[PDB]
$ cat protein19.txt   # compact mmCIF, C-alpha atoms and all ligand atoms
# COMPACT_ATOMS: atom_id res chain seq x y z
CA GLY T 42 100.13 -109.80 46.17
CA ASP T 43 98.17 -106.79 47.38
CA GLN T 44 99.99 -104.76 50.02
CA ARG T 45 97.81 -102.86 52.47
CA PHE T 46 99.55 -99.64 53.50
CA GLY T 47 97.34 -97.59 55.76
CA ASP T 48 94.05 -97.06 53.97
CA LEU T 49 95.61 -97.67 50.52
CA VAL T 50 96.49 -100.80 48.54
CA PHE T 51 99.55 -101.33 46.34
CA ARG T 52 100.03 -104.16 43.83
CA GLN T 53 103.15 -104.87 41.81
CA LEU T 54 102.31 -105.38 38.13
CA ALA T 55 105.80 -105.61 36.60
CA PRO T 56 109.41 -105.34 37.85
CA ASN T 57 109.22 -101.52 37.66
CA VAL T 58 105.43 -100.91 37.84
CA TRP T 59 102.96 -100.83 40.74
CA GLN T 60 99.26 -99.98 40.92
CA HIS T 61 98.10 -97.63 43.68
CA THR T 62 94.52 -97.87 44.98
CA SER T 63 92.65 -95.42 47.22
CA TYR T 64 89.05 -95.24 48.42
CA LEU T 65 86.45 -92.52 48.88
CA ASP T 66 82.94 -92.78 50.28
CA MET T 67 80.38 -91.71 47.71
CA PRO T 68 77.45 -91.21 50.11
CA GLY T 69 74.67 -93.78 49.80
CA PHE T 70 76.57 -95.51 46.96
CA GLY T 71 79.68 -96.86 48.65
CA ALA T 72 83.44 -96.63 49.07
CA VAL T 73 84.79 -96.39 45.51
CA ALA T 74 88.27 -97.67 44.66
CA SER T 75 90.40 -95.68 42.24
CA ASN T 76 93.65 -96.93 40.71
CA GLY T 77 96.71 -95.20 39.35
CA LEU T 78 100.29 -96.23 38.58
CA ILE T 79 103.81 -95.88 39.95
CA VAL T 80 106.73 -96.51 37.57
CA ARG T 81 110.43 -96.72 38.37
CA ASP T 82 112.54 -95.44 35.48
CA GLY T 83 116.19 -95.91 36.44
CA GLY T 84 116.90 -93.66 39.40
CA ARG T 85 113.57 -91.87 39.47
CA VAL T 86 109.87 -92.59 39.96
CA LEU T 87 106.96 -91.45 37.78
CA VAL T 88 103.35 -91.34 39.01
CA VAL T 89 100.13 -91.64 37.00
CA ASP T 90 97.11 -90.09 38.79
CA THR T 91 96.77 -88.87 42.35
CA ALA T 92 94.66 -90.59 44.97
CA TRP T 93 91.26 -89.10 45.80
CA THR T 94 92.66 -86.78 48.50
CA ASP T 95 95.79 -84.89 49.47
CA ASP T 96 96.28 -87.04 52.57
CA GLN T 97 96.00 -90.26 50.55
CA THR T 98 98.38 -88.88 47.93
CA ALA T 99 100.93 -88.02 50.62
CA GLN T 100 100.59 -91.66 51.70
CA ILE T 101 101.43 -92.80 48.15
CA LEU T 102 104.59 -90.72 48.41
CA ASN T 103 105.32 -92.30 51.80
CA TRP T 104 104.94 -95.79 50.32
CA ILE T 105 107.28 -94.81 47.47
CA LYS T 106 109.86 -93.56 49.99
CA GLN T 107 109.73 -96.81 51.97
CA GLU T 108 109.48 -99.31 49.09
CA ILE T 109 111.47 -97.61 46.29
CA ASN T 110 113.41 -94.77 47.97
CA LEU T 111 114.05 -92.72 44.82
CA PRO T 112 112.82 -89.21 43.96
CA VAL T 113 109.48 -88.78 42.23
CA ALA T 114 110.45 -86.85 39.10
CA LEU T 115 106.94 -86.09 37.85
CA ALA T 116 103.29 -87.02 37.92
CA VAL T 117 100.77 -87.01 35.09
CA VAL T 118 97.03 -86.97 35.84
CA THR T 119 94.49 -88.32 33.40
CA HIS T 120 91.45 -86.01 33.74
CA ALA T 121 89.89 -83.34 35.98
CA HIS T 122 87.88 -85.49 38.38
CA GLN T 123 88.68 -86.02 42.06
CA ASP T 124 89.81 -89.65 41.81
CA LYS T 125 92.61 -88.59 39.38
CA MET T 126 93.51 -85.02 40.47
CA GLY T 127 92.19 -84.65 44.03
CA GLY T 128 95.69 -84.90 45.49
CA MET T 129 97.42 -82.27 43.34
CA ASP T 130 98.30 -80.08 46.33
CA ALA T 131 100.13 -82.99 47.98
CA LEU T 132 102.31 -83.44 44.90
CA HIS T 133 103.06 -79.72 44.83
CA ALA T 134 103.86 -79.65 48.55
CA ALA T 135 106.34 -82.48 47.85
CA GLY T 136 108.05 -80.51 45.07
CA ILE T 137 106.95 -82.86 42.28
CA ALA T 138 106.49 -81.49 38.75
CA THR T 139 102.92 -82.11 37.58
CA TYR T 140 101.39 -82.52 34.13
CA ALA T 141 97.86 -82.77 32.76
CA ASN T 142 96.04 -82.30 29.47
CA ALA T 143 95.73 -78.56 28.86
CA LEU T 144 91.95 -79.09 28.90
CA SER T 145 92.17 -80.77 32.31
CA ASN T 146 94.03 -77.75 33.68
CA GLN T 147 91.43 -75.40 32.20
CA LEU T 148 88.59 -77.44 33.74
CA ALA T 149 90.28 -77.98 37.11
CA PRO T 150 88.97 -74.90 39.00
CA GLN T 151 85.31 -75.46 38.07
CA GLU T 152 85.66 -79.13 39.00
CA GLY T 153 87.03 -78.19 42.42
CA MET T 154 90.52 -79.38 41.45
CA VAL T 155 93.90 -77.67 41.58
CA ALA T 156 95.51 -77.47 38.13
CA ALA T 157 98.76 -79.22 37.35
CA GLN T 158 101.80 -77.02 36.81
CA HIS T 159 102.29 -77.99 33.16
CA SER T 160 99.93 -78.58 30.26
CA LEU T 161 100.16 -81.38 27.73
CA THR T 162 98.99 -80.69 24.21
CA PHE T 163 98.21 -83.27 21.56
CA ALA T 164 98.65 -83.72 17.84
CA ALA T 165 95.58 -84.28 15.69
CA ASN T 166 96.24 -88.05 15.74
CA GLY T 167 96.11 -88.08 19.56
CA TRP T 168 99.77 -88.51 20.47
CA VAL T 169 101.15 -86.01 22.96
CA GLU T 170 103.30 -83.25 21.50
CA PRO T 171 106.66 -84.48 22.84
CA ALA T 172 107.98 -81.06 23.85
CA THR T 173 105.11 -80.81 26.36
CA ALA T 174 106.00 -84.13 28.03
CA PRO T 175 109.74 -83.79 28.70
CA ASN T 176 111.51 -86.51 30.66
CA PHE T 177 108.52 -88.85 30.58
CA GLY T 178 110.82 -91.85 30.09
CA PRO T 179 108.77 -94.93 29.20
CA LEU T 180 105.41 -93.16 29.61
CA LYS T 181 103.68 -92.73 26.24
CA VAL T 182 100.73 -90.36 26.55
CA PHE T 183 97.81 -90.63 24.13
CA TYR T 184 94.58 -88.65 23.87
CA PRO T 185 92.09 -91.17 22.40
CA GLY T 186 89.22 -88.74 21.90
CA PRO T 187 86.34 -87.82 24.19
CA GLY T 188 84.79 -90.62 26.20
CA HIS T 189 84.43 -90.82 29.97
CA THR T 190 85.25 -87.10 29.77
CA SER T 191 86.30 -84.80 26.96
CA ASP T 192 89.77 -84.42 28.51
CA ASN T 193 90.52 -88.07 29.34
CA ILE T 194 94.05 -89.19 28.46
CA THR T 195 95.74 -92.59 28.53
CA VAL T 196 99.27 -93.83 29.18
CA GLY T 197 101.29 -96.76 27.85
CA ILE T 198 104.44 -97.98 29.57
CA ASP T 199 107.14 -98.69 27.00
CA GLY T 200 109.14 -101.83 27.71
CA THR T 201 106.19 -103.50 29.44
CA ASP T 202 102.93 -105.08 28.37
CA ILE T 203 100.93 -102.47 30.32
CA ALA T 204 98.65 -99.66 29.16
CA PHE T 205 96.47 -97.49 31.41
CA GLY T 206 93.01 -96.41 30.30
CA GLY T 207 92.00 -94.54 33.43
CA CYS T 208 88.28 -94.03 33.65
CA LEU T 209 87.77 -94.55 29.91
CA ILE T 210 88.08 -98.34 30.18
CA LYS T 211 85.99 -100.75 32.28
CA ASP T 212 86.75 -104.40 32.90
CA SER T 213 85.67 -107.22 30.58
CA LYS T 214 82.71 -108.16 32.82
CA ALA T 215 81.58 -104.63 33.77
CA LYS T 216 77.83 -104.04 33.72
CA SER T 217 77.95 -100.31 33.00
CA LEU T 218 80.15 -97.44 31.86
CA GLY T 219 80.01 -95.85 35.31
CA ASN T 220 79.73 -92.09 35.75
CA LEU T 221 78.65 -90.59 32.42
CA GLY T 222 77.94 -87.15 33.90
CA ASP T 223 80.74 -85.52 31.88
CA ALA T 224 80.92 -88.12 29.12
CA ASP T 225 80.76 -87.80 25.34
CA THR T 226 78.37 -90.68 24.64
CA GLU T 227 78.49 -90.37 20.85
CA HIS T 228 82.30 -90.66 20.64
CA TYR T 229 82.96 -93.04 23.56
CA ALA T 230 83.13 -96.26 21.54
CA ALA T 231 85.59 -94.87 18.99
CA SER T 232 87.72 -93.38 21.77
CA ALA T 233 87.89 -96.72 23.58
CA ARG T 234 88.94 -98.43 20.35
CA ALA T 235 91.48 -95.71 19.60
CA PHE T 236 93.11 -96.40 22.98
CA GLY T 237 93.45 -100.08 22.04
CA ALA T 238 94.90 -99.24 18.63
CA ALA T 239 97.44 -96.83 20.16
CA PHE T 240 98.88 -99.59 22.39
CA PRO T 241 98.58 -102.83 20.38
CA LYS T 242 101.31 -104.60 22.39
CA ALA T 243 99.60 -103.97 25.74
CA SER T 244 98.22 -107.26 27.04
CA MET T 245 97.62 -105.94 30.58
CA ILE T 246 95.03 -103.16 30.65
CA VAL T 247 95.00 -101.12 33.85
CA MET T 248 91.99 -98.93 34.64
CA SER T 249 90.55 -96.72 37.36
CA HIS T 250 87.95 -98.93 39.02
CA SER T 251 88.77 -102.60 38.40
CA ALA T 252 91.76 -104.89 38.69
CA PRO T 253 94.05 -105.15 35.64
CA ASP T 254 92.44 -107.16 32.87
CA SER T 255 93.15 -108.52 29.41
CA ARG T 256 92.38 -106.58 26.24
CA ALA T 257 88.82 -107.89 26.51
CA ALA T 258 88.36 -104.87 28.78
CA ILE T 259 88.81 -102.70 25.68
CA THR T 260 86.54 -104.69 23.37
CA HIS T 261 83.86 -105.02 26.05
CA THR T 262 83.98 -101.32 26.96
CA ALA T 263 83.71 -100.33 23.30
CA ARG T 264 80.86 -102.79 22.69
CA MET T 265 78.96 -101.34 25.65
CA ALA T 266 79.62 -97.83 24.34
CA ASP T 267 78.26 -98.83 20.91
CA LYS T 268 74.83 -98.88 22.59
CA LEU T 269 75.09 -95.23 23.65
CA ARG T 270 74.92 -94.09 20.01
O1 LIG T 301 81.80 -93.17 41.59
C1 LIG T 301 81.87 -92.09 41.22
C2 LIG T 301 83.15 -91.65 40.81
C3 LIG T 301 83.27 -90.38 40.36
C4 LIG T 301 84.65 -89.90 39.86
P1 LIG T 301 84.92 -90.57 38.17
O2 LIG T 301 83.80 -90.18 37.25
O3 LIG T 301 86.25 -89.88 37.65
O4 LIG T 301 85.14 -92.05 38.36
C5 LIG T 301 82.08 -89.52 40.27
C6 LIG T 301 82.14 -88.17 39.79
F1 LIG T 301 83.23 -87.53 39.41
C7 LIG T 301 80.94 -87.48 39.71
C8 LIG T 301 79.79 -88.04 40.07
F2 LIG T 301 78.71 -87.21 39.92
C9 LIG T 301 79.67 -89.29 40.51
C10 LIG T 301 80.85 -90.06 40.61
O5 LIG T 301 80.82 -91.29 41.06
ZN ZN T 302 86.17 -89.19 35.90
ZN ZN T 303 86.31 -93.09 37.41

$ encode --input "protein19.txt" --output "structure tokens" --more "lines below"
Ligand SMILES: O=c1cc(CP(=O)(O)O)c2c(F)cc(F)cc2o1
Ligand SMILES: [Zn+2]
Ligand SMILES: [Zn+2]
Amino acid sequence: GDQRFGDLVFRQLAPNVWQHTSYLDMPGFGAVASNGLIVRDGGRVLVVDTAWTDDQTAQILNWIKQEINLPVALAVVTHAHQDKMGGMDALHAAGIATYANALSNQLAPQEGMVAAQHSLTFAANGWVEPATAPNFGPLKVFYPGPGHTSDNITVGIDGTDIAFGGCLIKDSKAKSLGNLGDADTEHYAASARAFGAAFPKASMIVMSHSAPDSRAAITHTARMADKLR
């Protein structure tokens, strides 16, 4: 199922959905995989998250050209850390319109990231303000509250059983919540559960650092986060 393409890995999840995976050495710790998504919506392609680097992100675009061969209409990135925004310049060089949580764009410079071109804003209940996410097709963007970071956002794919938790969600057998350096430990559990409640039909949960899992990823992540309080 997995397709090795250079130093990246691509896995089809649904007729119109693929997971992209890229790797970065975290010195002394290891080569960390990070996942995002590629969605075909009719005659265009939508991307969720960059790879870690510009070069890797250009390779995602090369894979899209070879395997889908339709324009990439936009990309949305799910918080201001390198695994999700490190390739912003490659998207801009390719002429792709880019979107992030307003807070992600504000944080980008201090995090060493390049901001996206457009800012998403969110209603009090967490759903994106639709005028800020034009032409998102089946992508349904939800801010679940602070968790892995204060700016973390999540994405459901309408018409599929897939929802993407990014770095908020860990798999159903994960031993830890990963990098909590920028986390909101008090609100993490509620934010994880809010993600699950926003996408009740999603039976396939996609996340940054593990293979797609069942909804037990959500319950297990929230149960682990209960202990942080
Ligand atoms: O494996 C990692 C992955 C990340 C990126 P993320 O948190 O978005 O997964 C990371 C980071 F951003 C800061 C850090 F200090 C250690 C880290 O270690
Ligand atoms: Zn992160
Ligand atoms: Zn992460």

$ residues_around --input "protein19.txt" --residues "residue 105 (chain T)" --least-positions-apart "5" --cutoff "12 Å" --atoms "all atoms listed in the file" --output "PyMOL selection string"
chain T and resi 46+51+58-61+78-81+85-88+98-100+110-114

$ write_last_selection --input "protein19.txt" --atoms "C-alpha atoms" --output "tab-separated table (two decimals), in the frame of the given file"
chain	number	residue	atom	x	y	z
T	46	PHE	CA	99.55	-99.64	53.50
T	51	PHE	CA	99.55	-101.33	46.34
T	58	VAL	CA	105.43	-100.91	37.84
T	59	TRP	CA	102.96	-100.83	40.74
T	60	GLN	CA	99.26	-99.98	40.92
T	61	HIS	CA	98.10	-97.63	43.68
T	78	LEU	CA	100.29	-96.23	38.58
T	79	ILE	CA	103.81	-95.88	39.95
T	80	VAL	CA	106.73	-96.51	37.57
T	81	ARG	CA	110.43	-96.72	38.37
T	85	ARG	CA	113.57	-91.87	39.47
T	86	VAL	CA	109.87	-92.59	39.96
T	87	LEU	CA	106.96	-91.45	37.78
T	88	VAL	CA	103.35	-91.34	39.01
T	98	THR	CA	98.38	-88.88	47.93
T	99	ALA	CA	100.93	-88.02	50.62
T	100	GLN	CA	100.59	-91.66	51.70
T	110	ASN	CA	113.41	-94.77	47.97
T	111	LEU	CA	114.05	-92.72	44.82
T	112	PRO	CA	112.82	-89.21	43.96
T	113	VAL	CA	109.48	-88.78	42.23
T	114	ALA	CA	110.45	-86.85	39.10

$ closest_residue --input "protein19.txt" --among "T:255, T:123, T:226, T:201" --to "ligand LIG 301 (chain T)" --atoms "only C-alpha atoms and all ligand atoms"
T:123

$ atom_distance --input "protein19.txt" --atom1 "CA of residue 166 (chain T)" --atom2 "CA of residue 185 (chain T)"
8.4 Å

$ atom_distance --input "protein19.txt" --atom1 "CA of residue 42 (chain T)" --atom2 "CA of residue 54 (chain T)"
9.4 Å

$ residues_near_point --input "protein19.txt" --point "(87.3, -91.6, 21.4)" --cutoff "6 Å" --atoms "all atoms listed in the file" --output "ChimeraX atom specification"
/T:185-188,228-229,231-233

$ closest_atom_pairs --input "protein19.txt" --of "chain T" --to "ligand LIG 301 (chain T)" --cutoff "9 Å" --atoms "only C-alpha atoms and all ligand atoms" --output "CSV"
residue,atom,partner,partner_atom,distance
T:65,CA,T:LIG301,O1,8.7
T:66,CA,T:LIG301,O1,8.8
T:67,CA,T:LIG301,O1,6.4
T:70,CA,T:LIG301,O1,7.9
T:71,CA,T:LIG301,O1,8.2
T:72,CA,T:LIG301,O1,8.4
T:73,CA,T:LIG301,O1,5.9
T:74,CA,T:LIG301,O1,8.5
T:75,CA,T:LIG301,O4,7.5
T:93,CA,T:LIG301,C4,8.9
T:120,CA,T:LIG301,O3,7.6
T:121,CA,T:LIG301,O3,7.7
T:122,CA,T:LIG301,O3,4.7
T:123,CA,T:LIG301,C4,6.0
T:124,CA,T:LIG301,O3,5.5
T:125,CA,T:LIG301,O3,6.7
T:152,CA,T:LIG301,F1,8.8
T:189,CA,T:LIG301,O2,7.3
T:190,CA,T:LIG301,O2,8.2
T:207,CA,T:LIG301,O3,8.5
T:208,CA,T:LIG301,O4,6.0
T:219,CA,T:LIG301,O1,7.1
T:220,CA,T:LIG301,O2,4.7
T:221,CA,T:LIG301,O2,7.1
T:222,CA,T:LIG301,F2,6.1
T:223,CA,T:LIG301,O2,7.7
T:224,CA,T:LIG301,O2,8.9
T:249,CA,T:LIG301,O4,7.2
T:250,CA,T:LIG301,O4,7.5

$ atom_distance --input "protein19.txt" --atom1 "CA of residue 148 (chain T)" --atom2 "CA of residue 62 (chain T)"
24.1 Å

$ closest_residue --input "protein19.txt" --among "T:217, T:236, T:205, T:63" --to "residue 167 (chain T)" --atoms "all atoms listed in the file"
T:236

$ closest_residue --input "protein19.txt" --among "T:270, T:211, T:106, T:256" --to "ligand ZN 303 (chain T)" --atoms "only C-alpha atoms and all ligand atoms"
T:211

$ closest_residue --input "protein19.txt" --among "T:76, T:173, T:139, T:44" --to "residue 253 (chain T)" --atoms "all atoms listed in the file"
T:76

$ closest_residue --input "protein19.txt" --among "T:130, T:267, T:192, T:254" --to "residue 210 (chain T)" --atoms "all atoms listed in the file"
T:254

$ closest_residue --input "protein19.txt" --among "T:149, T:248, T:156, T:259" --to "ligand ZN 303 (chain T)" --atoms "only C-alpha atoms and all ligand atoms"
T:248
